[PDB]
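*Asks:* Have a look at this one.
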Amino acid sequence: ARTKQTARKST
Amino acid sequence: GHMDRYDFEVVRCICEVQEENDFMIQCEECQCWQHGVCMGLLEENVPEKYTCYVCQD
Ligand SMILES: [Zn+2]
Ligand SMILES: [Zn+2]
């Protein structure tokens with residue numbers, strides 16, 4: 001099962 | 001129909017939103033993405049074969 005995470009913009 | 005009968009990276013949660021939460025997982029059957037916390041999964045629990053409600057219910 002593929003997975004990803006995020007929290008803020010790419011700066 | 002939007003599927004084209006192809007398997008694509010498609011954010012389809014029970015939320016009926018393509019929005020991204022802090023965590024998302026992909027269905028092993030149809031490739032769709034979901035908020036794991038909506039599906040009962042976390043980055044701690046990610047299985048090798050998670051089935052999505054659109055496939056498993
Ligand atoms: Zn959700
Ligand atoms: Zn599925």
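Order determines the names: the first chain of the structure tokens is A, the second B, and so forth; residues in each chain are numbered 1 upward, and ligands are numbered 1 upward as they are shown.
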Only residues of chain A matter here; which ones have an atom within 7 Å of chain B, counting only C-alpha atoms? Give them as a PyMOL selection string.
*Replies:* chain A and resi 1-7
*Asks:* With C-alpha atoms kept, could you save the residues just selected as a PDB file, in the first residue's frame?
*Replies:*
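Full text of out-v6.pdb as output:
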```pdb
ATOM      1  CA  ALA A   1       0.000   0.000   0.000  1.00  0.00           C
ATOM      2  CA  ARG A   2       1.815   3.278  -1.186  1.00  0.00           C
ATOM      3  CA  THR A   3       2.078   6.135   1.424  1.00  0.00           C
ATOM      4  CA  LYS A   4       2.790   9.888   1.675  1.00  0.00           C
ATOM      5  CA  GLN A   5       3.010  12.676   4.306  1.00  0.00           C
ATOM      6  CA  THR A   6       2.730  16.528   4.326  1.00  0.00           C
ATOM      7  CA  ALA A   7       2.599  19.523   6.765  1.00  0.00           C
TER       8      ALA A   7
END
```
*Asks:* Produce as JSON, numbers by chain the set of residues near ligand 1, where near means within 6 Å with only C-alpha atoms and all ligand atoms considered.
*Replies:* {"B": [13, 14, 15, 35, 38]}
*Asks:* I'd like the interatomic distance between CA of residue 3 in chain B and CA of residue 39 in chain B, to a tenth of an Å.
*Replies:*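 These two atoms are separated by 21.9 Å.
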*Asks:* Determine which residues of chain B DSSP labels as alpha helix (DSSP H) from the backbone of this structure, then write them out as a list in words.
*Replies:*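 So the alpha helix (DSSP H) residues in chain B would be residues 36, 37, 38 and 39 of chain B.
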